[PDB]
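Here is what each chain is made of, one letter per residue.
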Amino acid sequence: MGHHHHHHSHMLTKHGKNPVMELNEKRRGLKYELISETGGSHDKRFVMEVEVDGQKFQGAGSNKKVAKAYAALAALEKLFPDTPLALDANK
């Protein structure tokens, strides 16, 4: 029996474009830099920052590129949610 796999499956975003490449189509002149980076006994913890429309959003993932994905989604869900009227919103 197996009970073990190497996680190769890739999460994306609102569309099948991958949040990073998608955001780079939705907006141009973006910035992707590293904020936090560490690796423990069995788990990883990376945090990347993305600049969209001058606004900086930070996301955390198990590596740089996955952290970029969450950072991008952080901007996408805020700038391009495509949702109806807003009854609840902070920023």
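Thresholds, definitions, all that
Residues numbered from 1 in each chain as written, not as in the entry; some residues may be left out. Heavy atoms only, no water. Pairing = 2+ DSSP bridges. Helix = DSSP H or I, 4+ residues; strand = E, 2+ residues; numbered from the N terminus. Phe/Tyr/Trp six-rings, centres within 6.5 Å; stacked < 30°, edge-to-face > 60°. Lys NZ or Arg CZ within 6 Å of the ring centre and 35° of its normal.

In the PDB archive, solution NMR is given as the structure determination method for this entry.

In the nomenclature of the PDB entry, the protein is known as Interleukin enhancer-binding factor 3 of Homo sapiens. Recorded in the entry header as its title is "Solution NMR Structure of DRBM 2 domain of Interleukin enhancer-binding factor 3 from Homo sapiens, Northeast Structural Genomics Consortium Target HR4527E".

A. Region of the structure containing the pairing of strand 3 (residues 55-61). Inspection of the sheet shows strand 2 (residues 44-52) paired to strand 3 by 7 bridges, in the antiparallel sense. If you follow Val 50 over to strand 3, its bridge partner there is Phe 57. Hairpin connection between strand 2 and strand 3: a loop of 2 residues separates the two successive antiparallel strands, and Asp 53 in this loop has a positive phi of roughly 60°.

B. Representation of the packing of aromatic side chains within the structure. Throughout the structure, instances matching the rule amount to 0 aromatic pairs. Geometry around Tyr 32 places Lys 68 over its ring, the cationic atom sitting 5.1 Å from the centre.

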